[PDB]
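Visitor: Attaching a single structure in structure tokens format; questions to follow.
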Amino acid sequence: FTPXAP
Amino acid sequence: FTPXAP
Amino acid sequence: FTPXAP
Amino acid sequence: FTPXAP
Amino acid sequence: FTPXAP
Amino acid sequence: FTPXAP
Amino acid sequence: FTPXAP
Amino acid sequence: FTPXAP
Amino acid sequence: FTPXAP
Amino acid sequence: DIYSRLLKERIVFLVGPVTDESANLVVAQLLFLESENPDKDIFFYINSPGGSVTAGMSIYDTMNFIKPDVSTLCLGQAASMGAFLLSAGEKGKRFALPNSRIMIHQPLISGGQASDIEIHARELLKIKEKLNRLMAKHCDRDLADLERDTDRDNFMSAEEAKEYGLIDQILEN
Amino acid sequence: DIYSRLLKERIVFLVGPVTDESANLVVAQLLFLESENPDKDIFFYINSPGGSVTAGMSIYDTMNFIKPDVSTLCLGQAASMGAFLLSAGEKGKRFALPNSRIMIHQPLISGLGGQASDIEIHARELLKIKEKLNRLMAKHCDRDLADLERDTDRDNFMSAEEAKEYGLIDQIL
Amino acid sequence: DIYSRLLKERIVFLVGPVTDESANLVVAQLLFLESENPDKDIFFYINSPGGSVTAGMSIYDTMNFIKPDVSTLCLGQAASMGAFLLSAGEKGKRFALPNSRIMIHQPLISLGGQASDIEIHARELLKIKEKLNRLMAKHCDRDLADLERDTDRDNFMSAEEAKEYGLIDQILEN
Amino acid sequence: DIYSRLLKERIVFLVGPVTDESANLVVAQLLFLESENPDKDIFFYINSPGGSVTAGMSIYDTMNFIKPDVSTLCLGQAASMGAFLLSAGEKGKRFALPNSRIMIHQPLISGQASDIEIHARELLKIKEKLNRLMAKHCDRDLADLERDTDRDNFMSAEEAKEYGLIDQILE
Amino acid sequence: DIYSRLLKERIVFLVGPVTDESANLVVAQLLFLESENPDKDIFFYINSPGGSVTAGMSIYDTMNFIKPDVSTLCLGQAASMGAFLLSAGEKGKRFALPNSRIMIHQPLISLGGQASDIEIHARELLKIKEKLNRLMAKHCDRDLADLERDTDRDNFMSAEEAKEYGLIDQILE
Amino acid sequence: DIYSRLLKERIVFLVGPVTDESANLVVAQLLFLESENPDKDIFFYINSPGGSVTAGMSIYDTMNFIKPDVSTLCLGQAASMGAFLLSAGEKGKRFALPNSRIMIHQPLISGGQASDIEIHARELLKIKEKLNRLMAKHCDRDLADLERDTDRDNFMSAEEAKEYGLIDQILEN
Amino acid sequence: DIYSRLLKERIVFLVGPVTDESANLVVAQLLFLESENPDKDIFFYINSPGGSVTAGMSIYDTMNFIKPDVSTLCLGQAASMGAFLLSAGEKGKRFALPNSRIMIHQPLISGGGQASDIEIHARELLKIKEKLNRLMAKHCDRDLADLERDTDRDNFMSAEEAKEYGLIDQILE
Amino acid sequence: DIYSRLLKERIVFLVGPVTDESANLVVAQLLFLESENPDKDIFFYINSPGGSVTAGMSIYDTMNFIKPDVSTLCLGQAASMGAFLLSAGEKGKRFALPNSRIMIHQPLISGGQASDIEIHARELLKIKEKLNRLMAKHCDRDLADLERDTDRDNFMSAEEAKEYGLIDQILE
Amino acid sequence: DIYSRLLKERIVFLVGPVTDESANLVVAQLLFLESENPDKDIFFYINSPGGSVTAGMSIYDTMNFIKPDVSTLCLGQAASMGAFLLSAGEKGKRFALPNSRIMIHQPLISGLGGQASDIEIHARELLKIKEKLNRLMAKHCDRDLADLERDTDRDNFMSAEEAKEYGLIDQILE
Amino acid sequence: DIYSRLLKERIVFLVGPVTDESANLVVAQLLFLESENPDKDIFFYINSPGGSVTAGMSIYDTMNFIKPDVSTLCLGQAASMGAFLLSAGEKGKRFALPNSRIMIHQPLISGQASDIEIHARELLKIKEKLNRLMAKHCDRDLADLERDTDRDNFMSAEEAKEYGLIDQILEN
Amino acid sequence: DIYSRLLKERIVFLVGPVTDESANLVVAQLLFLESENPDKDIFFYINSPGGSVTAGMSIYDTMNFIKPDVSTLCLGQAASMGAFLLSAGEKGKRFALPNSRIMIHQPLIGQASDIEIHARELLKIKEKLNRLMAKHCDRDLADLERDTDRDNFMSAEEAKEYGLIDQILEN
Ligand SMILES: *C(=O)CCCCCCC
Ligand SMILES: *C(=O)CCCCCCC
Ligand SMILES: *C(=O)CCCCCCC
Ligand SMILES: *C(=O)CCCCCCC
Ligand SMILES: *C(=O)CCCCCCC
Ligand SMILES: *C(=O)CCCCCCC
Ligand SMILES: *C(=O)CCCCCCC
Ligand SMILES: *C(=O)CCCCCCC
Ligand SMILES: *C(=O)CCCCCCC
């Protein structure tokens with residue numbers, strides 16, 4: 001899950 | 001059952 | 001059962 | 001059971 | 001069963 | 001099983 | 001779990 | 001199991 | 001388990 | 001009750017499977033009815049799929065031992081040990097209802113050591129031959145007929161049972 | 001004890017499955033009511049899902065053998081052998097209540113069998129039972145054998161009005 | 001009931017398995033019939049596949065203790081302890097119906113735990129086996145070796161074979 | 001009924017397992033038979049494989065409490081608590097039939113270490129009580145019954161008479 | 001029957017588990033005996049392994065409410081609620097047979113859903129524990145700390161230990 | 001593995017019941033070996049009690065379709081469909097070990113409406129007749145021989161099987 | 001494989017119930033990722049219905065001990081211990097997907113012995129209940145009393161309600 | 001692994017019940033070992049309580065068909081068909097360990113029409129007669145001997161099996 | 001896999017019940033780590049609800065026999081034999097995570113068996129096991145044997161603070 | 001696996017019940033280890049509650065047949081056939097860990113009177129055999145072992161050495 | 001293996017029930033395919049009878065989060081949460097095979113307080129599912145409240161008219 005996690 | 005039994 | 005018992 | 005109960 | 005009980 | 005199979 | 005194990 | 005098998 | 005097993 | 005009161009008319013029932021309990025209840029009623037009058041016919045009404053050979057034999061020997069004739073009548077069905085008992089009635093007084101069914105077959109089973117299985121197999125084959133012989137007597141036929149015709153389940157209509165020698169008369173409306 | 005007050009009025013009930021036990025209870029009452037009066041009607045009330053073909057046949061043959069007319073009345077439902085016995089009442093005296101249900105079908109088995117020979121034997125017996133039941137019910141309904149063969153192929157549910165049209169009952173109370 | 005009316009004629013039934021409860025019902029009736037008349041025979045009708053040894057011994061010992069002769073009759077079958085009680089009737093008064101069946105065999109079981117306990121129970125079972133063979137040999141007027149040989153496995157007998165063996169005295173005919 | 005007629009002759013039966021229910025029926029008949037006549041003997045016929053030790057103890061204490069002597073007779077078998085009750089009859093009046101069987105054995109069973117100790121301690125107390133009382137019945141020592149019930153002890157009528165558990169074998 | 005004749009001597013039995021069914025059967029007999037004569041002692045014979053605490057309380061409160069003294073006697077055993085009821089007899093009239101056994105222990109179950117519900121039932125179980133320990137301490141004229149110690153685990157007692165403990169008054173030879 | 005090394009020499013095994021899975025495993029190996037060399041014989045080793053007639057027919061049709069001769073060999077036993085496949089080997093190349101067992105019998109199974117039971121009974125009898133005819137061909141016997149001899153379970157030694165026509169040679173020590 | 005490929009990007013999964021196996025597998029991956037690079041955040045993806053409290057606590061304490069920030073992200077659902085671990089992520093880096101669901105509740109048992117033992121375990125369960133409320137109040141920056149009210153029964157929360165409550169920081173695109 | 005390392009020295013194991021697959025694994029190894037060298041002895045180690053008679057017969061016929069002598073050795077126990085296969089080793093090359101146990105007994109079983117029960121009972125007695133006769137030859141005794149001595153469970157020490165003729169030599 | 005990479009750093013896990021299988025798996029790793037270097041500490045991570053006394057005793061003796069100091073760490077929980085083994089680590093190197101719980105109690109059995117003599121035997125063995133564990137764990141905790149006798153009478157749940165106060169661990173890790 | 005590395009130091013394990021299956025693995029490893037070097041000791045680590053008598057006997061005879069001394073060590077427990085095998089190690093090379101436990105007892109278990117007698121006799125033969133052999137292992141009188149195995153007999157390590165069942169307790 | 005070769009072409013399968021385990025496998029493959037190339041479409045083949053709503057929501061939120069268009073295709077059937085995910089494909093790129101079957105329905109599954117809570121939670125799920133699928137189908141919410149009231153079986157063509165798929169793939 002980027003951005004932001006990662 | 002008559003006649004004949006009985 | 002006679003004769004003979006009884 | 002007597003005596004004593006009854 | 002006598003004799004002897006009863 | 002030879003002879004004969006094979 | 002260092003420090004200290006290890 | 002030797003001797004003797006084998 | 002040494003000494004002595006082994 | 002009412003089975004009571006049919007018993008008062010010298011009618012005995014066998015309904016459902018032949019077991020040690022069904023048999024000794026039937027045997028007791030036979031002994032009682034002979035006691036009340038050893039010279040009047042008794043009427044053995046059968047609606048049974050079969051059951052224990054030894055229990056059926058206990059009824060059978062009782063039917064033959066007492067003085068009164070044991071008339072048999074099949075209502076619903078008489079199969080295996082039940083058909084055996086039906087055929088055991090006094091000859092001339094074995095009856096069936098028009099849509100009754102009869103079935104006959106060789107013995108059936110639902111052992112440990114080979115020696116023990118050998119023993120119980122002989123006992124089963126002795127039973128098969130005894131039953132085939134007796135029913136050949138009941139039907140006035142050859143043992144070979146009964147041997148051939150009990151090999152598998154043999155369903156008979158009331159008219160086929162009368163031809164076979166298994167009953168004497170089909171009762172009519 | 002309520003059931004005996006109805007039996008004194010010559011009402012016999014069949015409630016629940018047709019089994020050897022329930023069947024023979026009905027037969028005993030039929031025989032009992034005839035002895036008390038061979039000249040008055042008997043009223044056979046049926047609320048049953050069906051049951052054993054042979055056990056029902058013992059009821060059927062008794063209904064046809066005795067001197068009294070056996071009137072039949074359906075309350076709740078009459079299915080399979082239950083419907084068969086309903087259609088077997090004296091013609092003109094087969095009744096159903098307005099919300100009664102009738103259902104007819106060919107025979108069926110829960111399970112079966114072991115060897116191909118044995119399964120063949122029991123297939124034939126079951127097809128014989130099927131043809132007999134269709135023939136008899138074709139007569140009860142004053143209908144063609146071809147009609148009943150068509151109409152029992154699968155489960156056939158009928159209202160009281162559908163059953164009266166069919167010939168299976170006579171009128172609705 | 002009708003079974004009550006059979007007791008008025010001094011007939012007692014054993015139908016089905018020999019259990020503590022069926023046994024004591026028979027024992028009580030034997031004491032009762034003796035109470036009513038110590039001088040008339042009693043008639044013990046047997047149709048049983050067998051059952052408990054100890055329950056059978058309780059019936060057996062009562063048959064032997066009372067003054068009245070206990071006549072025995074087999075209808076259907078008498079197997080294992082049922083045949084034992086059949087053979088135990090007063091000699092001359094043991095009967096079977098023409099198609100009755102008799103079976104005799106050594107004790108059977110279906111065991112427990114430690115080797116000590118199993119030796120104890122095997123030894124008890126052999127004592128039971130030997131007692132039953134000795135008593136049966138006496139009832140049949142045969143050698144213990146006959147009953148030892150002939151009970152090794154299930155031994156099924158027709159009524160005529162049972163009379164030949166010494167277990168019954170007469171077959172009752174049509 | 002047949003059993004009512006036997007009770008009229010002061011015969012009480014224990015047939016089958018010793019349970020609270022079978023025990024209290026015997027206890028009821030004992031108190032009743034004493035009520036009917038405290039001066040005639042009672043005859044306790046036993047055919048039992050054993051059962052509850054506590055339930056048997058209720059029969060035992062009742063046998064010892066009432067005025068009438070309670071004669072015991074074993075028919076079929078008297079095992080475990082059944083043998084205990086057999087040996088508890090009035091000495092001189094404990095009988096067995098010729099082919100009766102007597103069996104005696106130590107107690108048998110089929111949480112926390114503390115709870116396990118407690119029940120072990122109670123089981124050994126029950127074992128010791130039964131061995132002691134039966135030694136008293138046989139006029140032998142506690143050590144005797146401890147040795148002879150260590151595993152299952154099957155006895156004929158003559159072995160039971162020799163042991164002191166019965167007095168006489170009926171012809 | 002036999003139990004009928006014992007009741008006319010004002011003897012009531014509790015044999016087996018303490019259930020709602022056995023307890024109210026005891027309560028009914030206690031009321032009936034008081035009804036026939038409110039001034040003669042009642043004799044409560046107990047052979048029980050224990051059972052429902054709530055059902056036991058219904059017997060207990062009945063024993064304490066009625067006019068007659070309820071003597072208790074232990075034969076065989078009195079364990080858990082059975083021992084509670086035994087100790088509940090009229091003081092001076094609580095007896096045991098020489099080889100009777102008494103057992104007392106803290107409550108036991110065989111919880112639960114949410115922690116709040118478990119807290120509630122845990123607290124309710126401890127109130128039951130303390131209530132029975134407090135009441136029994138009064139029966140025995142001992143301190144609650146004594147009963148807490150001695151019911152912590154199963155406490156088996158001979159009749160002599162029970163009399164020494166204060167749980168019965170006197171042992172009948 | 002070692003079984004892979006046996007396939008390397010054109011040996012295919014059927015061990016245990018013939019099921020769709022085991023049958024198709026044999027089929028895959030037969031096609032595979034023919035792919036590797038359509039001109040060398042294949043050796044089909046059979047130790048099987050039988051199973052699915054359908055799965056066996058899948059093996060059978062594959063044996064007859066491929067170019068290579070499929071020699072069959074029985075070790076242990078070949079019963080029902082196992083015996084069928086054994087007898088189906090190339091004539092002159094069907095072998096059994098000295099203490100092998102062969103058994104042949106008519107089809108056996110262990111349904112619903114009378115129509116459905118008739119349908120399946122008729123299908124089972126076609127299977128019986130088909131299996132009898134094919135095996136009559138395999139053994140060079142009259143169809144009446146197989147109809148007679150498969151009526152019930154027919155256990156055969158290797159010499160009884162060689163004489164029957166089901167195998168050709170018995171391999172010897 | 002694929003889950004091993006997510007681990008190279010420092011993604012750790014907790015999928016399904018929290019048990020001793022899944023917990024220490026998560027712990028092992030957390031220790032592993034820290035050794036490889038103690039300075040990069042770790043991303044703990046949670047889709048879990050809850051599970052063992054002690055097993056979840058080992059994950060939790062591992063999350064707090066290691067040097068890397070542990071971001072938590074809810075996909076699918078985070079219930080009971082799953083919600084606890086989700087809220088335990090590094091403040092500022094706790095995420096949920098738009099249709100994620102969060103649920104929090106007091107401890108629960110499915111299904112003891114003596115009142116002393118029941119009390120001890122009830123006391124243990126209430127300690128766990130109180131510990132869980134306090135830690136979750138710290139995670140959510142709320143008063144202990146809020147969480148005591150809000151875990152009393154099952155508390156289902158949308159992703160928006162979860163961030164409003166303080167349980168996550170950020171709902172992704 | 002170790003069991004294949006034992007196979008390199010021409011050692012074959014039968015451990016546990018005799019089933020179609022434990023049997024066909026043994027048959028496959030026997031054919032393999034003969035393939036590797038048709039002229040060296042094979043050593044068949046047996047620790048088995050028994051099992052399928054037909055499954056055992058396939059091993060038995062394989063032992064007798066292949067060219068190599070099959071030496072047998074009992075460790076732990078050889079019972080029923082396990083005792084059968086033990087006795088079937090090359091005479092002079094059947095061994096047991098000192099505390100081995102041998103057991104022999106007649107066949108035993110755990111159905112339909114009387115005609116069908118007769119067929120299966122007769123087949124059971126033929127199997128009984130075949131096993132007794134074959135084992136009588138292995139022991140240089142008679143069929144009647146084996147009928148007497150398998151009538152019930154017959155447990156034998158290693159020393160009793162050598163006296164009986166089922167093994168040749170106890171290894172110590 | 002990851003667990004072998006943890007073994008390279010001389011970490012041994014015990015996760016779940018202590019069984020003959022898990023115990024000998026741990027024992028092999030302890031002997032292996034000693035073989036690779038007898039002079040570096042070993043780290044025994046424990047998350048276990050307990051299990052078999054003999055299987056745990058097998059791990060215990062290996063910890064005491066080998067030359068390396070065996071540090072123990074509790075994560076999740078260490079209950080019964082798990083708590084015993086935690087307390088068995090080298091003094092000064094027994095650790096717990098902040099929210100770990102330790103539980104100690106006397107032995108317990110599922111459910112007993114045979115004759116009264118046999119039950120006496122097994123009760124006696126059980127009380128011997130009970131006393132040995134109380135004696136040994138008091139030594140691990142540097143307490144009076146009487147303290148452990150009182151405190152394991154029933155299930156004794158401890159927080160990490162409580163386990164350190166009790167003497168079962170040396171230090172809580174943060 | 002590490003267990004192979006224990007095998008390279010000539011360590012053989014028996015963990016859990018003694019079965020035909022676990023027993024023959026132990027037997028196979030012993031034979032392999034003799035093959036690798038018949039002059040170096042083998043160290044048999046035992047943690048077992050017992051199991052099959054015949055399966056244990058197959059291990060037993062293998063310990064006695066192979067040339068290398070088989071040292072035994074009890075860790076955790078050695079009960080029934082496990083204690084038997086422990087006691088069978090080379091005299092002077094039977095060890096126990098300080099808190100291991102040993103238990104010995106007479107044989108235990110889980111038709112026709114003739115069949116029950118046959119199995120009762122075989123059970124008593126096994127009992128007497130085990131008692132005699134254990135007397136030889138422990139240098140004791142047969143009367144000791146008959147009395148001392150009548151019921152379950154639990155022994156600490158110090159008691160097992162005193163009994164003659166092991167020789168030395170490992171202390172470090 | 002064969003499923004590995006299908007993933008190389010950016011095909012992910014969902015076959016059988018939607019569980020936490022199968023759902024996370026699809027989520028992982030979605031994340032993997034995007035990282036391999038965020039600019040090529042992904043093809044989601046669905047043959048599922050349904051399953052866990054939360055587990056399906058996990059896939060759904062991933063489908064909407066990642067950059068690539070997620071094409072969906074029904075083969076065999078797409079029922080319950082499977083139908084939800086089918087309808088969730090990138091619009092214009094939702095496909096079905098000619099004899100596929102689509103079924104849509106409402107969600108289906110202590111103390112009264114606890115039962116109220118879960119009834120309320122189930123009703124939220126029902127309303128969310130109807131609202132989202134109405135958006136997926138470009139239909140009015142009342143249609144979905146009516147048409148998911150009981151099991152609603154749809155052919156591929158009824159599904160295309162409903163707004164649930166875009167194309168039926170021809171032959
Ligand atoms: C969130 O965007 C996670 C992405 C993971 C990519 C790695 C795929 C193996
Ligand atoms: C045949 O018609 C029998 C009739 C029986 C009448 C007796 C009434 C209970
Ligand atoms: C043998 O014939 C016995 C007859 C007894 C008749 C009494 C009827 C109840
Ligand atoms: C105590 O001895 C009580 C006796 C009661 C007798 C009543 C009659 C059953
Ligand atoms: C011993 O002979 C007992 C006899 C009892 C007779 C009474 C019959 C009811
Ligand atoms: C018959 O003798 C066949 C032997 C095959 C040997 C090949 C080994 C795999
Ligand atoms: C405590 O910090 C232990 C860390 C272990 C790291 C090794 C990773 C495989
Ligand atoms: C008998 O001594 C057999 C020995 C076999 C050794 C091979 C090593 C695996
Ligand atoms: C006893 O000290 C044994 C040690 C074994 C060391 C090597 C482990 C692979």
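Just so we're on the same page: first chain in the structure tokens is A, next is B, and so on; residues restart at 1 for each chain, and ligands are numbered from 1 in the order they show up.
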Give the residues close to ligand 4, within 12 Å, counting only C-alpha atoms and all ligand atoms; write them as a ChimeraX atom specification.

Guide: /D:1-6 /M:24-38,61-68 /N:1-13,42-45,73,75,97,172-173

Visitor: Let's have the selection written as a short mmCIF file (atom, residue, chain, number, x, y, z; two decimals), in the first residue's frame, with N, CA and C atoms.

Guide:
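And here is the file that came out, result_16.cif:
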data_model
loop_
_atom_site.label_atom_id
_atom_site.label_comp_id
_atom_site.auth_asym_id
_atom_site.auth_seq_id
_atom_site.Cartn_x
_atom_site.Cartn_y
_atom_site.Cartn_z
N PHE D 1 -34.88 -47.24 62.49
CA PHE D 1 -33.66 -47.39 63.26
C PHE D 1 -33.97 -46.91 64.71
N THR D 2 -34.84 -47.79 65.54
CA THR D 2 -35.11 -47.33 66.88
C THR D 2 -34.63 -48.39 67.89
N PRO D 3 -34.13 -47.91 69.20
CA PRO D 3 -34.07 -46.40 69.57
C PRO D 3 -32.88 -45.83 68.99
N UNK D 4 -32.76 -44.38 68.80
CA UNK D 4 -33.89 -43.38 69.14
C UNK D 4 -34.39 -42.71 67.87
N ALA D 5 -34.10 -43.18 66.50
CA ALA D 5 -34.63 -42.39 65.36
C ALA D 5 -35.43 -43.18 64.33
N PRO D 6 -36.81 -43.67 64.65
CA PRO D 6 -37.44 -43.52 65.84
C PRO D 6 -36.99 -44.67 66.77
N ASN M 24 -31.20 -49.58 49.09
CA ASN M 24 -32.22 -49.05 49.97
C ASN M 24 -33.49 -49.90 49.95
N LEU M 25 -33.79 -50.56 48.83
CA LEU M 25 -34.90 -51.51 48.83
C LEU M 25 -34.67 -52.68 49.79
N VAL M 26 -33.44 -53.20 49.84
CA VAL M 26 -33.12 -54.23 50.82
C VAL M 26 -33.23 -53.68 52.24
N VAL M 27 -32.68 -52.47 52.46
CA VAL M 27 -32.72 -51.84 53.77
C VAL M 27 -34.16 -51.64 54.21
N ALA M 28 -35.02 -51.23 53.27
CA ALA M 28 -36.43 -51.06 53.61
C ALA M 28 -37.06 -52.37 54.03
N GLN M 29 -36.78 -53.45 53.30
CA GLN M 29 -37.36 -54.74 53.64
C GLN M 29 -36.84 -55.27 54.97
N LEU M 30 -35.57 -55.00 55.28
CA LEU M 30 -35.05 -55.43 56.57
C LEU M 30 -35.78 -54.75 57.72
N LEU M 31 -35.90 -53.42 57.67
CA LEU M 31 -36.62 -52.69 58.71
C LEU M 31 -38.07 -53.16 58.77
N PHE M 32 -38.67 -53.44 57.62
CA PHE M 32 -40.04 -53.91 57.57
C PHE M 32 -40.19 -55.29 58.22
N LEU M 33 -39.32 -56.23 57.84
CA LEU M 33 -39.41 -57.59 58.39
C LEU M 33 -39.17 -57.59 59.89
N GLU M 34 -38.26 -56.74 60.38
CA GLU M 34 -38.13 -56.60 61.82
C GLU M 34 -39.40 -56.04 62.41
N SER M 35 -40.00 -55.05 61.75
CA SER M 35 -41.27 -54.49 62.20
C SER M 35 -42.34 -55.57 62.31
N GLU M 36 -42.39 -56.49 61.35
CA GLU M 36 -43.41 -57.53 61.39
C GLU M 36 -43.19 -58.52 62.54
N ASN M 37 -41.93 -58.77 62.92
CA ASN M 37 -41.61 -59.69 64.01
C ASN M 37 -40.12 -59.60 64.34
N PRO M 38 -39.74 -58.97 65.45
CA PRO M 38 -38.32 -58.82 65.78
C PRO M 38 -37.65 -60.09 66.27
N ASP M 61 -24.79 -52.13 57.85
CA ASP M 61 -25.15 -51.52 59.13
C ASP M 61 -26.59 -51.85 59.53
N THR M 62 -27.49 -51.95 58.55
CA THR M 62 -28.86 -52.37 58.83
C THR M 62 -28.92 -53.83 59.26
N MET M 63 -28.15 -54.71 58.62
CA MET M 63 -28.12 -56.11 59.04
C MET M 63 -27.68 -56.22 60.49
N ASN M 64 -26.67 -55.44 60.88
CA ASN M 64 -26.14 -55.53 62.24
C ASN M 64 -27.01 -54.82 63.27
N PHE M 65 -27.90 -53.91 62.85
CA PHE M 65 -28.65 -53.10 63.81
C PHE M 65 -29.90 -53.80 64.33
N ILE M 66 -30.65 -54.48 63.45
CA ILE M 66 -31.95 -55.05 63.80
C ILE M 66 -31.79 -56.24 64.73
N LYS M 67 -32.87 -56.56 65.45
CA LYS M 67 -32.83 -57.70 66.36
C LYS M 67 -32.71 -59.03 65.62
N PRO M 68 -33.50 -59.31 64.57
CA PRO M 68 -33.41 -60.63 63.93
C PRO M 68 -32.04 -60.92 63.37
N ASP N 1 -47.01 -49.62 49.45
CA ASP N 1 -45.85 -50.47 49.22
C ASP N 1 -44.93 -50.40 50.44
N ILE N 2 -43.64 -50.71 50.26
CA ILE N 2 -42.71 -50.68 51.39
C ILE N 2 -42.41 -49.25 51.79
N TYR N 3 -42.22 -48.37 50.81
CA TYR N 3 -41.94 -46.98 51.13
C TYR N 3 -43.16 -46.30 51.72
N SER N 4 -44.35 -46.74 51.33
CA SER N 4 -45.54 -46.20 51.96
C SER N 4 -45.56 -46.52 53.44
N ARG N 5 -45.21 -47.75 53.83
CA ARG N 5 -45.31 -48.07 55.26
C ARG N 5 -44.24 -47.37 56.08
N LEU N 6 -43.08 -47.09 55.49
CA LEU N 6 -42.09 -46.30 56.20
C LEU N 6 -42.56 -44.85 56.41
N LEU N 7 -43.29 -44.27 55.45
CA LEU N 7 -43.74 -42.89 55.61
C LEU N 7 -44.73 -42.75 56.75
N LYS N 8 -45.57 -43.74 56.97
CA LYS N 8 -46.44 -43.67 58.11
C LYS N 8 -45.74 -43.78 59.41
N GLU N 9 -44.50 -44.23 59.45
CA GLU N 9 -43.77 -44.08 60.68
C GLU N 9 -43.03 -42.74 60.70
N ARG N 10 -43.36 -41.84 59.77
CA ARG N 10 -42.78 -40.49 59.67
C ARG N 10 -41.29 -40.54 59.31
N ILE N 11 -40.92 -41.52 58.48
CA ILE N 11 -39.58 -41.63 57.92
C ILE N 11 -39.64 -41.19 56.47
N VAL N 12 -38.78 -40.25 56.10
CA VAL N 12 -38.62 -39.79 54.73
C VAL N 12 -37.22 -40.10 54.25
N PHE N 13 -37.13 -40.56 53.02
CA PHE N 13 -35.86 -40.92 52.42
C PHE N 13 -35.40 -39.84 51.45
N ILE N 42 -39.89 -35.94 62.95
CA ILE N 42 -39.78 -36.53 61.63
C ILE N 42 -38.37 -37.08 61.47
N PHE N 43 -38.25 -38.19 60.74
CA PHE N 43 -36.97 -38.88 60.63
C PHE N 43 -36.52 -38.90 59.17
N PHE N 44 -35.45 -38.17 58.90
CA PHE N 44 -34.93 -37.92 57.55
C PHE N 44 -33.68 -38.79 57.34
N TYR N 45 -33.86 -39.89 56.61
CA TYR N 45 -32.78 -40.81 56.30
C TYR N 45 -32.11 -40.38 54.99
N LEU N 73 -30.52 -39.00 59.83
CA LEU N 73 -29.71 -40.19 60.01
C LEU N 73 -29.01 -40.46 58.69
N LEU N 75 -27.18 -43.18 56.38
CA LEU N 75 -26.87 -44.57 56.08
C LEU N 75 -26.20 -44.65 54.72
N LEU N 97 -25.01 -44.29 60.92
CA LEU N 97 -24.74 -45.70 61.14
C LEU N 97 -23.22 -45.89 61.17
N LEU N 172 -25.24 -44.71 65.97
CA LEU N 172 -26.09 -45.81 66.38
C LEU N 172 -25.39 -47.14 66.15
N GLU N 173 -25.16 -47.88 67.23
CA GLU N 173 -24.66 -49.24 67.15
C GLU N 173 -25.52 -50.09 66.22
#

Visitor: If you count only C-alpha atoms, which residues fall within 8 Å of residue 124 of chain S, apart from same-chain ones fewer than 2 positions away, as an MDAnalysis selection string?

Guide: (chainID L and resid 115:116 119) or (chainID S and resid 120:122 126:128)

Visitor: With C-alpha atoms retained, could you export that selection as a compact mmCIF listing (two decimals), in the first residue's frame?

Guide:
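out36.txt, freshly written:
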# COMPACT_ATOMS: atom_id res chain seq x y z
CA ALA L 115 -0.10 -60.50 33.33
CA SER L 116 -0.86 -61.52 36.94
CA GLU L 119 -3.39 -65.54 34.55
CA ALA S 120 -2.21 -66.01 29.18
CA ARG S 121 0.67 -68.51 28.81
CA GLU S 122 2.44 -66.37 26.23
CA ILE S 126 7.12 -62.84 28.32
CA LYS S 127 6.86 -61.79 31.96
CA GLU S 128 9.28 -64.45 33.12
